[PDB]
Amino acid sequence: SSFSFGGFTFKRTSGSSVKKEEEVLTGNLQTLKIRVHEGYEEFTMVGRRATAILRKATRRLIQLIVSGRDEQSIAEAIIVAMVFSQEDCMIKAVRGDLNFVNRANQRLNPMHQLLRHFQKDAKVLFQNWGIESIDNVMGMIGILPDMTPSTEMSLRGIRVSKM
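Looking at the method and resolution fields of the entry, one finds X-ray crystallography and 1.5400 Å.

Student: When you look at the overall build of the chain in this model, what are you seeing that I'm missing?
Tutor: Broken down by element type, the chain carries 4 helices and 12 strands. A globule of 163 residues ought to have a C-alpha radius of gyration of about 15 Å, and the chain, at 15 Å, matches this closely. Taking contacts inside the chain between residues at least 6 apart in sequence as the whole, the part at least 24 apart equals 50%. Here the chain holds 23 positive side-chain charges and 17 negative ones, and the gap between their average locations is 6 Å.

Student: For this particular structure, what's the right way to read helix α1 (residues 71-84)?
Tutor: In an α-helix, one turn spans 3.6 residues, which is why side chains three or four residues apart end up on the same side. If you check α1, its first and last C-alpha atoms are 20 Å apart, about what 14 residues at 1.5 Å a residue would give, namely 20 Å. Of all 14 residues making up α1, 11 are buried, and the element is well covered by its neighbours. Turning to α1, its buried residues number three or more, namely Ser-73, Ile-74, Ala-75, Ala-77, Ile-78, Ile-79, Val-80, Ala-81, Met-82, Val-83 and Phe-84. Phi turns positive, to about 65 degrees, at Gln-86, one or two residues after α1.

Student: Just checking my understanding: could you explain the environment of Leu-25 for this structure?
Tutor: Along the chain, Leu-25 turns up in strand β3 (residues 18-25). We classify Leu-25 as partly exposed; its relative accessible area is 45%. Each C-alpha atom, one on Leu-25 and one on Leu-64, is 26 Å from the other, the two residues being 39 residues apart in sequence. The residues touching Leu-25, leaving out its near neighbours within four places in the chain, are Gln-30, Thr-31 and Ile-91.

Student: Looking at this structure, how should I read the pattern of salt bridges?
Tutor: Charged atoms that come close allow side chains of opposite charge to pair. Summed over all chains, the structure comprises 8 salt bridges. Between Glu-21 and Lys-33 there is a salt bridge, and its shortest N-O distance comes to 3.9 Å. Of this pair, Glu-21 sits in strand β3 while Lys-33 sits in strand β4 (residues 31-38), and the two are 12 residues apart along the sequence. Relative accessible area serves as the criterion here: at 46%, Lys-33 is assigned to the partly exposed category.

Student: Help me understand helix α3 (residues 110-120), please; the structure alone is not making it clear to me.
Tutor: When α3 is considered as a whole, its buried residues turn out to be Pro-110, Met-111, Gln-113, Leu-114, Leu-115, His-117 and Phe-118. Buried positions along α3 lie against β1 (2-5), β4, α1, α2 (88-91) and α4 (123-129).

Student: When you look at the pairing of β3 in this model, what are you seeing that I'm missing?
Tutor: Residues in a regular strand project their side chains so that they alternate between the two faces of the sheet. Sheet topology note: the β3/β4 ladder contains 8 bridges and is antiparallel. Bridged to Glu-21 within β4 is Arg-35. The antiparallel pairing of β3 with β4 creates a hairpin that spans 5 residues between the two strands, and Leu-29 there sits at a positive phi of about 65 degrees.

Student: What is the right way to read the packing of α1 against α3 from this model?
Tutor: Any two packed helices are characterised by how steeply their axes cross, that is the angle between the axes, and by the distance between the axes. One way to put it is that α1 packs onto α3 with a least axis distance of 10 Å and a crossing angle of 145 degrees. Considering how the two elements wind past one another, α1 and α3 form a crossing that is right-handed. Where α1 approaches α3, its residues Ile-79, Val-80, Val-83 and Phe-84 are matched on the opposing element by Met-111, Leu-114, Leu-115 and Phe-118. Tallied by class, the residues present in the contact of α1 with α3 amount to 8 nonpolar, no polar and no charged.

Student: Help me understand the side chain of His-117, please; the structure alone is not making it clear to me.
Tutor: Relative to the helices and strands, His-117 is located in helix α3. What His-117 contacts, discounting residues up to four positions off in sequence, is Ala-93, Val-94, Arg-95, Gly-96, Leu-98 and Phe-100.

Thresholds applied
Along every chain, residues receive numbers from 1 upward following the written sequence, which is not necessarily the numbering found in the entry; those without coordinates are excluded from display. By convention in this description, side-chain values take in all heavy atoms of the structure and omit both hydrogens and water. Counting from the N terminus, the helices are the DSSP runs of H or I reaching at least four residues and the strands are the DSSP runs of E reaching at least two. Each radius of gyration is computed over the set of C-alpha atoms, and the globule rule expresses the reference value as 2.2 Å times the number of residues to the power 0.38. In what follows, a contact means two residues having at least one pair of non-hydrogen atoms within 4.5 Å. We score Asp and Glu as negative and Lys and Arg as positive, and we do not count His or the chain ends. Here the site of a charge means atom NZ of a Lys, CZ of an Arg, CG of an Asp or CD of a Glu. Multiplying one less than the number of residues by 1.5 Å gives the expected span of a helix. Throughout this description, buried means an accessible area under 20% of the type-specific maximum (1.4 Å probe, protein chains only), exposed means over 50%, and partly exposed covers the range between. The term salt bridge refers to a side-chain nitrogen of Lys or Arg lying within 4 Å of a carboxyl oxygen of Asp or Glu. When DSSP locates at least two bridges between a pair of strands, those strands are taken to pair. Lines are fitted to the C-alpha atoms to define the axes, a helix being fitted only along its stretch in contact, and any angle between axes, read from their N-to-C directions, falls within 0 to 180 degrees. Rotating anticlockwise by less than a right angle from the far helix to the near helix defines a left-handed crossing, while the corresponding clockwise rotation defines a right-handed one. By the convention adopted, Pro, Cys, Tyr, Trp, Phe, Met, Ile, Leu, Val and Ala count as nonpolar, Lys, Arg, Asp and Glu as charged, and the other residues, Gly among them, as polar.

Here it is, written out as structure tokens:
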């Protein structure tokens with residue numbers, strides 16, 4: 001029930017999915033054969049400096065609650081979750097070709113390609129994801145596309161659990 005992605009251990013806590021291959025065009029008009037997880041799943045994410053609860057459906061982030069020691073540790077977890085979501089807006093936020101390889105010169109898996117692209121610079125990803133008005137929930141806060149806190153708005157589906 002656990003696996004690694006992007007520096008985080010993911011643990012599925014509920015749900016299930018079936019893989020279906022889909023061929024999409026990235027935002028840079030490159031073909032990419034993604035391995036789409038169809039179904040609704042709940043996960044925890046545990047990294048060195050950040051943790052999260054993630055609920056998602058097929059190519060759709062429903063809820064992400066993130067905790068972390070600072071804005072950029074939090075940002076790291078968000079990037080990973082947005083890529084893992086497989087959302088169309090994330091695919092379309094790509095701005096360069098995906099040709100990443102490991103030290104054996106083997107091409108990274110598609111979801112790794114995407115993660116490595118956004119790990120260059122996540123600004124377009126974050127700007128394109130979507131924002132929403134929020135309610136002022138005790139112990140929680142919004143996070144804006146520039147990774148600063150807000151009590152009025154947040155990235156869509158995403159909240160930060162404060163200390």
